[PDB]
Ligand SMILES: [Zn+2]
């Protein structure tokens, strides 16, 4: 019901979880808490929950390939203004899951997976270090 | 206008007249060219109409835009 509210109210004025089908399974990180004794995920810096569904609705709008350049520009403005919103691994999990269940074009799919390139994923690596030794 | 029940009534008589079989050589040619995409798009539209989620409509509109771009050339 965010897709209907986003038609009349813009991005700057809405500023003044966001994953639809996210569970313990089908996530890059949330699977390992019960099996491997992973630490629970950190609390990030509702200031970021709205941007989560905003980037997800932009990617699912990018699947129809009607006007891909507008959503291209919107996703790149999201990346340039808030570069830490592409760091949560529970969002990378859902966007890869939606790429695994819809019909994306090849440059569009390359762009979506290229936005998640310059990421660190520090917490899952250090929890692998913690469960390792 | 974000009117899904408007575009449904727009393009379902086209699926209705395409479901009675081609009768000429031009209609058989159009069926052999675009009939699989115009069937899978209708299937995805029915999957959206049964359980409402834009995840099922985006693929149908992608197929429809592919058919439209191939027809318009
Ligand atoms: Zn997760």
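We number chain A the same way Swiss-Prot does; the residues here are 1479-1494, 1510-1538, 1607-1694, in that order.
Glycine is treated like the rest: Cβ placed from N, Cα and C.
Record features (Swiss-Prot):
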type    : residues                       : note
BINDING : A:1515, A:1520, A:1523, A:1651 : Zn(2+) binding site
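In three-state terms derived from DSSP, residue A:1523 (Zn(2+) binding site) belongs to neither a helical nor a strand segment and is classed as coil.
What surrounds the Zn(2+) site, by Cβ distance within 8 Å of the Cβ centroid and not counting A:1515, A:1520, A:1523, A:1651, is the set A:1512, A:1516, A:1517, A:1519, A:1521, A:1522, A:1650, A:1654, A:1655 from the same chain.
Annotation for residue A:1651 (Zn(2+) binding site): spatial neighbours A:1510, A:1512, A:1515, A:1520, A:1521, A:1522, A:1523, A:1534, criterion Cβ-Cβ under 8 Å with sequence separation of six or more. Other Cβ atoms within 10 Å of the Cβ of residue A:1515 (Zn(2+) binding site), summed over all protein chains shown, number 17.
The secondary structure of residue A:1515 (Zn(2+) binding site), as reduced to three states from DSSP, is coil rather than helix or strand.
When the binding-site residues A:1520, A:1523 are compared by the number of other CB atoms within 10 angstroms of each CB, A:1523 has the fewest.
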